[PDB]
Number of protein chains: 2
Amino acid sequence: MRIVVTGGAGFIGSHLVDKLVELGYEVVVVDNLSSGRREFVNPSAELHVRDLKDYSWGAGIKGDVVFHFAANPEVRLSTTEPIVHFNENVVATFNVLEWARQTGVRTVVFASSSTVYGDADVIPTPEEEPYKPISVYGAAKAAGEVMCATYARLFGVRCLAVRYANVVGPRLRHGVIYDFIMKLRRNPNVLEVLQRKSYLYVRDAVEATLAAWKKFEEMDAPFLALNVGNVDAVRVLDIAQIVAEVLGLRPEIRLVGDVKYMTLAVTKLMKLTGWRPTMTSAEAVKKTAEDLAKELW
Amino acid sequence: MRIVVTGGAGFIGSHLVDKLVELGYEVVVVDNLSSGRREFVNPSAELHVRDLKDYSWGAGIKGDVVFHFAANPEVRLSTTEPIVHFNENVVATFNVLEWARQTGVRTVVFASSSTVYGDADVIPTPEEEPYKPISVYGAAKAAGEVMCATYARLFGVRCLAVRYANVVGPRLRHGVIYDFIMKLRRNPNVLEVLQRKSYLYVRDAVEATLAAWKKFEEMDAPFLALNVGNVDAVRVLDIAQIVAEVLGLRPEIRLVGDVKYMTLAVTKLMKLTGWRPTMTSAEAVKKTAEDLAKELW
Ligand SMILES: NC(=O)c1ccc[n+]([C@@H]2O[C@H](COP(=O)([O-])OP(=O)(O)OC[C@H]3O[C@@H](n4cnc5c(N)ncnc54)[C@H](O)[C@@H]3O)[C@@H](O)[C@H]2O)c1
Ligand SMILES: NC(=O)c1ccc[n+]([C@@H]2O[C@H](COP(=O)([O-])OP(=O)(O)OC[C@H]3O[C@@H](n4cnc5c(N)ncnc54)[C@H](O)[C@@H]3O)[C@@H](O)[C@H]2O)c1
């Protein structure tokens with residue numbers, strides 16, 4: 001079948017595209033290359049440079065399933081204007097749903113986020129916890145989920161919403177690990193750290209997403225939201241230490257809408273698919289620093 | 001203080017404006033006159049014809065509180081294109097929140113809807129029930145609430161979201177009562193009916209909204225969602241009968257994303273404000289038919 005992956009030139013999307021291609025699917029990538037890169041696109045995939053903010057972004061594009069992963073990256077949320085978060089998340093997602101409805105797409109796998117929970121009352125956070133986002137980005141992802149669930153109920157466009165915790169690995173060009181490497185690249189002797197969160201290596205995240213999608217296609221529920229992340233967490237200061245050692249540096253650490261604590265409960269995912277993380281958060285962070293060192297140092 | 005009422009030239013908005021004016025507030029109406037009418041605007045209010053779909057709709061407009069009541073009317077939801085529901089509800093509401101944030105508005109009273117609940121599992125429906133909208137309009141109102149609650153938590157723009165059941169009274173130009181009158185006007189001998197819902201006379205709805213707003217301004221919770229509607233309900237066929245009698249007609253009834261059953265639990269509203277409806281649903285429908293008969297027959 002034909003699978004459309006929006007944001008397929010980006011970090012998670014490009015790895016997801018690689019796995020779908022390895023599994024034999026005909027993959028179509030749609031990406032505006034705002035944060036993604038043509039170098040990350042699998043040679044076997046068909047790239048279409050379109051902007052999802054345009055209602056007509058999908059003219060001529062057909063697929064049976066769409067993995068809607070396009071969005072501005074979840075980083076430095078307070079420094080981007082709210083209208084950018086709104087347009088790149090809510091308007092883009094609505095436009096994807098209208099294209100899905102009008103072209104008869106059967107399934108939307110939406111890349112959601114732990115940010116829809118905001119500063120959760122319960123941690124590890126189960127899927128039942130309410131939307132209490134504290135960033136415009138978080139509100140935008142929650143609104144996207146509400147719209148997806150409604151299109152599933154009303155138009156039969158089924159949706160699996162994957163709420164990701166932090167995902168890390170090769171090709172990453174945003175986030176705390178990338179930031180620390182770039183800071184040490186600027187000055188290897190000092191590292192400025194301005195939090196405890198769960199990190200999943202991208203290989204694990206893609207496996208979990210695809211295993212969940214497979215099970216979802218075997219279910220008949222119109223909509224399902226599922227957390228995808230690791231079972232543990234690491235503190236920002238530990239990330240800082242791991243990155244330094246990978247680089248063989250001994251920097252002087254200097255402390256100088258963002259959710260402070262996050263860890264999603266992944267009991268539903270594990271129960272539904274048998275999936276298990278293959279690396280701890282600390283291990284996912286170390287491998288990623290090693291991956292990025294070769295790409296950025 | 002200065003109060004801005006978007007959609008103040010419309011049905012609920014014009015009556016809300018009348019009461020705010022009667023209470024002494026300086027009222028500014030912003031409305032694009034798409035479904036509202038200049039004839040409904042209180043002479044004491046200041047009218048600005050602007051379109052909330054424009055990010056800059058509020059240039060030059062200042063207020064301490066905004067009653068955001070503008071939206072396309074909640075009617076014949078399945079016959080309007082989804083993008084219209086999306087733009088008139090989600091984009092407009094986001095633009096109102098950005099203007100509120102940038103101009104330092106302290107409170108947003110958002111006109112939400114029973115449709116955010118979809119076909120509720122529990123009826124009368126308490127505020128705790130989840131968003132399960134089945135219409136794009138319902139999804140749009142729920143997304144609007146999520147964005148409002150986030151702006152309250154993040155930017156301090158407090159929000160009272162009023163989830164209305166059906167509101168009826170003078171100036172109404174949409175909905176089942178209006179439709180039946182216009183149908184009988186076309187042919188007084190036959191009435192085609194294509195449901196059980198709660199109806200509140202507009203005077204009651206405006207009183208409840210303002211009493212809730214007063215209490216909300218005395219609270220410190222950033223966000224509060226409150227149901228506003230009657231305690232009982234009437235069936236479509238009863239509405240049909242009431243309208244006929246008001247008109248002195250004896251028509252032959254002929255049965256030929258829309259929520260089928262709705263009644264909101266108003267325990268929280270009554271507890272918080274002491275408010276009580278002054279007319280039953282059947283009485284609100286009869287008075288409205290009498291009001292509309294003079295305006296339309
Ligand atoms: N990486 C994480 O830890 C993480 C965490 C939570 C959620 N997510 C979600 O996963 C998805 C991918 O994130 P990512 O980390 O890979 O970020 P990314 O920036 O690398 O990938 C996003 C891709 O979408 C593309 N894109 C953005 N706007 C577009 C538009 N208007 N039209 C077309 N393409 C557009 C970008 O160019 C980019 O290639 C996003 O939806 C994001 O919210 C990621
Ligand atoms: N009447 C009901 O029973 C009911 C039920 C549930 C919710 N509501 C809500 O109450 C509010 C008012 O509804 P109503 O019944 O009075 O409908 P209405 O159509 O009479 O009033 C809506 C007003 O908003 C204005 N408007 C629409 N789009 C606009 C835009 N883009 N820019 C500026 N102005 C715009 C319209 O011209 C109109 O005057 C809405 O938000 C609606 O969802 C009403």
Side-chain angles (χ1 to χ4, degrees), chain B residues 10-13 15-16 69 71 73-77 110-135 137-138 141-142 145 160-172 174-180 193 195-212 225-243 246 257-292:
Chain B
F11 166 59
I12 303 181
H15 287 287
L16 169 70
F69 279 51
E74 179 174 287
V75 55
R76 302 173 186 180
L77 306 182
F110 176 56
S112 188
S113 173
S114 65
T115 59
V116 303
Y117 301 116
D119 282 313
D121 284 325
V122 182
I123 299 182
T125 313
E127 290 82 356
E128 290 73 20
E129 289 303 305
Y131 296 132
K132 189 178 180 172
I134 55 161
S135 61
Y137 191 99
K141 289 295 194 175
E145 288 194 9
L160 169 62
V162 180
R163 299 176 177 159
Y164 292 106
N166 292 339
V167 180
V168 293
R171 303 176 193 162
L172 191 46
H174 40 90
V176 73
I177 303 176
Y178 173 80
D179 291 346
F180 288 168
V193 181
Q195 277 189 306
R196 172 123 99 60
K197 298 181 189 185
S198 186
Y199 287 74
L200 195 65
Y201 194 65
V202 75
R203 189 182 298 120
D204 276 350
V206 170
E207 177 57 38
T209 302
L210 293 178
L226 271 181
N227 293 333
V228 172
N230 218 323
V231 294
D232 59 4
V234 285
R235 283 172 296 104
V236 178
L237 277 159
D238 291 299
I239 291 172
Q241 171 105 58
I242 296 160
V243 168
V246 166
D258 176 49
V259 172
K260 187 150 169 54
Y261 310 108
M262 178 274 286
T263 283
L264 307 181
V266 296
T267 299
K268 293 200 191 294
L269 168 66
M270 291 179 162
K271 165 215 66 72
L272 184 73
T273 66
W275 173 88
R276 294 291 188 292
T278 73
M279 277 177 243
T280 64
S281 287
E283 293 181 316
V285 170
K286 177 168 174 288
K287 184 59 172 300
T288 297
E290 297 173 336
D291 294 324
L292 297 187

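Here is the naming used below: chain letters follow the sequence lines, and residue numbers restart at 1 for every chain. The basis for the numbers below is simple: all heavy atoms, side chains too, and nothing from hydrogens, waters or symmetry mates.
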Run the ring pair (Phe, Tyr, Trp, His ring centres under 6.0 Å) test against B/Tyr137 and tell me which residues pass, sequence neighbours left out. B/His85
Start with the C-alpha distance between B/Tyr164 and B/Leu264, add both sets of side-chain angles, then the distance that settles side chain to side chain contact (heavy atoms under 4.5 Å, CB included), and finish with yes or no. CA-CA 8 Å; B/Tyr164 292 106; B/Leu264 307 181; over 6 Å; no
So, for [X] and [Y], which heavy atoms are closest and what is the spacing to 0.1 Å?
{"X": "B/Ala225", "Y": "B/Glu127", "answer": "O-CG, 3.5 Å"}
{"X": "B/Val228", "Y": "B/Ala208", "answer": "CG1-CB, 4.0 Å"}
{"X": "B/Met270", "Y": "B/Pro277", "answer": "CE-CD, 3.6 Å"}
{"X": "B/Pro126", "Y": "B/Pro124", "answer": "CD-O, 3.3 Å"}
{"X": "B/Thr263", "Y": "B/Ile123", "answer": "O-CG2, 3.8 Å"}
{"X": "B/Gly229", "Y": "B/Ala165", "answer": "CA-CB, 3.8 Å"}

Gap separating the [atom1] atom of [X] from the [atom2] atom of [Y], nearest 0.5 angstrom:
{"X": "B/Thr278", "Y": "B/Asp204", "atom1": "OG1", "atom2": "CG", "value": "3.5 Å"}
{"X": "B/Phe180", "Y": "B/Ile242", "atom1": "CZ", "atom2": "CD1", "value": "10.5 Å"}
{"X": "B/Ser113", "Y": "B/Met262", "atom1": "OG", "atom2": "CE", "value": "7.0 Å"}
{"X": "B/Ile134", "Y": "B/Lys132", "atom1": "CD1", "atom2": "NZ", "value": "9.5 Å"}
{"X": "B/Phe69", "Y": "B/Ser112", "atom1": "CZ", "atom2": "OG", "value": "10.0 Å"}
{"X": "B/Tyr178", "Y": "B/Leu172", "atom1": "OH", "atom2": "CG", "value": "9.0 Å"}

According to the side chain to side chain donor-acceptor pair (under 3.5 Å) rule, which pairs have a member within residues 116-126 of chain B, sequence neighbours left out? B/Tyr117-B/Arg163, B/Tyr117-B/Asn227
Residues 259-286 of chain B vs salt bridge (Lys or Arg N to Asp or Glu O under 4.0 Å), sequence neighbours excluded, gives B/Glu128-B/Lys268, B/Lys286-B/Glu290
Can you name the one residue among B/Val236, B/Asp179, B/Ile239 that meets side chain to side chain contact (heavy atoms under 4.5 Å, CB included) with B/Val193? B/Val236
Heavy atoms, side chains only, cut-off 4.5 Å: are B/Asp258 and B/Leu77 in contact? no
Pairwise side-chain contact, B/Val116 with B/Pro133, heavy-atom cut-off 4.5 Å (strictly under): no
Name all residues meeting the salt bridge (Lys or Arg N to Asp or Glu O under 4.0 Å) criterion together with [X]; count only those two or more places apart in sequence or in a different chain, and write none if there are none.
{"X": "B/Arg235", "answer": "B/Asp238"}
{"X": "B/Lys287", "answer": "none"}
{"X": "B/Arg171", "answer": "B/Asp18"}

N/O donor-acceptor pair under 3.5 Å between [X] side chain and [Y] backbone:
{"X": "B/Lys141", "Y": "B/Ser114", "result": "no"}
{"X": "B/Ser198", "Y": "B/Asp232", "result": "yes"}
{"X": "B/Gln195", "Y": "B/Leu237", "result": "no"}

Begin with the C-alpha distance, continue with both residues' side-chain angles, and end with the deciding distance and a verdict on side chain to side chain contact (heavy atoms under 4.5 Å, CB included) for B/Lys197 and B/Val176. CA-CA 11 Å; B/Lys197 298 181 189 185; B/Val176 73; over 6 Å; no
Quick one, B/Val202 with B/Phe11, criterion side chain to side chain contact (heavy atoms under 4.5 Å, CB included). Give me CA distance, side-chain angles, the key distance, then yes/no. CA-CA 9 Å; B/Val202 75; B/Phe11 166 59; 3.8 Å; yes
Go through the steps to decide whether B/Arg76 and B/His174 satisfy the test side chain to side chain contact (heavy atoms under 4.5 Å, CB included), and finish with yes or no. CA-CA 9 Å; B/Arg76 302 173 186 180; B/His174 40 90; over 6 Å; no
Test B/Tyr199 against every option in B/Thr280, B/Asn230, B/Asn166 by the side chain to side chain donor-acceptor pair (under 3.5 Å) rule and name the one that passes. B/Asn166
